[PDB]
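Single chain ahead, by itself, as structure tokens, in the form deposited in one PDB entry.
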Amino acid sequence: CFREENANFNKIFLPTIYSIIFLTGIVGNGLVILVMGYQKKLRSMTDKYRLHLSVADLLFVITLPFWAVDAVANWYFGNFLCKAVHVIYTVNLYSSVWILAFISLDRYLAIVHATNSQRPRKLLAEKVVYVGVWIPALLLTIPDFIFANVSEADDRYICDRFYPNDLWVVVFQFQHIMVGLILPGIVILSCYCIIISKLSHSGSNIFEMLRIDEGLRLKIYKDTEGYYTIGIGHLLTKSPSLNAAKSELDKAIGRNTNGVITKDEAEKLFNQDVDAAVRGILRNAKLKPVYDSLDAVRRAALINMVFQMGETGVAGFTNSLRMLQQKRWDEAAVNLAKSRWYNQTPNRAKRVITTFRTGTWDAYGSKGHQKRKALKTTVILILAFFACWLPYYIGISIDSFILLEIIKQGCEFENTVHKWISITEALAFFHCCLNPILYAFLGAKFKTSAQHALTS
């Protein structure tokens, strides 16, 4: 049983993969570095980390021509570069994924503890990244530095890690699997496990919208003109007695409240109102046609207005409603800002109009537009990171099965495993291009066809 490098495929396929990453990798990462680094000052936290990522990737990527030459012909470059390219490899595998781990910590802080997230998020991204990521990443390369050497072999020079015995191969494989994927994977998933759980105490989108706009009372309240209210703007009945109002709540809740209720029960009581509200809209001839043409988010917008102004009032916005039914969002946003509604209750009306305008929930929340895109960028990056690496992981797993005697096959099986590990690893280095590619076409509009080069 001997090693057998294949000419037709690996000797040609790998250096090509290596060269393309090299090429697209210097340009893409080099652009991220100069574009944010040199020129552009005000930096977003995720962007701060993506600067780090692109530095880690350009460093690795500038060493790829060695890999390519090594694969096609020989290791002409001596012992010292041998250790150097190995070190540079380790540095990349560890820093890249942990920077990703740090992007997920940052998202956790942003979302889960948004109240005083700035002091710490800033601290993470400017002080802790060097001590948590870069320095350990370098310390951990001492092993590559020690055992990476060049040997003469079968008419060429191999640069590789050479150890006293086969146990050393298992020790460093286990460490690579641990520092590379299992520990950062634990942290990424844990952070996202905490995020999704924080997002589970909140109720429906329409409920959190109106809680913000109308307010949420957990205890009955007599106002100044004698009416009784609870939950999200829920009016109990005609009685002028706290007791008889408490009688009404008890009936709608199904329990002896004594004037206090829970959030969950307020959401249920609100759902019934939202329902009764939506029913009358579908009975109003002016409002129903618009409601039929709107997406859910924008229908929440119109329900909000009914919650505030009564069905009749809302039904008087004849020209704004008409632009909304026609999907003329900007016009309609513009027109609604000129009404007595806007001039009297701008805080509310501003959020509602932004909902109609965009068809998003950005107006609620702090910096909601920015936070929405930030969450999506992060998840895309990390999933794609692991997606690039996944076929290599499967390859390495199969090799592990050989060594640990989980499977027993001949050498022809073992040598096909090793060529596909060389292939899937090469294909994995595309991770170095994702960060730049996710920055492509920012602010582009895809609205031009061959006819639009010839006409309006």
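Numbers for residues come from their place in the sequence shown, where the first is 1. Basically, rigid core = biggest C-alpha set you can superpose within 1.5 Å across the two forms.
What follows is about the form deposited in another entry, which we do not show.
Undergrad: With the two forms aligned on their rigid core, point out which item of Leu383, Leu242, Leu189, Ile146 shifts its C-alpha by 2 Å or more between this form and the one not shown.
TA: It is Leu242.
Undergrad: With the core lined up, does the C-alpha of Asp160 move 2 Å or more between this form and the one not shown?
TA: Not so; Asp160 is displaced by less than 2 Å.
Undergrad: Is there a C-alpha shift of 2 Å or more at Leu294 between this form and the one not shown once the rigid core is superposed?
TA: The answer is yes, as the C-alpha of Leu294 shifts between this form and the one not shown by 2 Å or more after core alignment.
Undergrad: Taking the rigid core as the frame, does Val133 move its C-alpha by 2 Å or more between this form and the one not shown?
TA: Comparing forms between this form and the one not shown, the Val133 CA shifts below 2 Å.
Undergrad: Regarding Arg298 and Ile380, go with closer or farther for their CA spacing in that other deposited form versus this form, the difference being 3 Å or more.
TA: Between the C-alphas of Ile380 and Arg298, the gap widens in that other deposited form (3 Å or more compared with this form).
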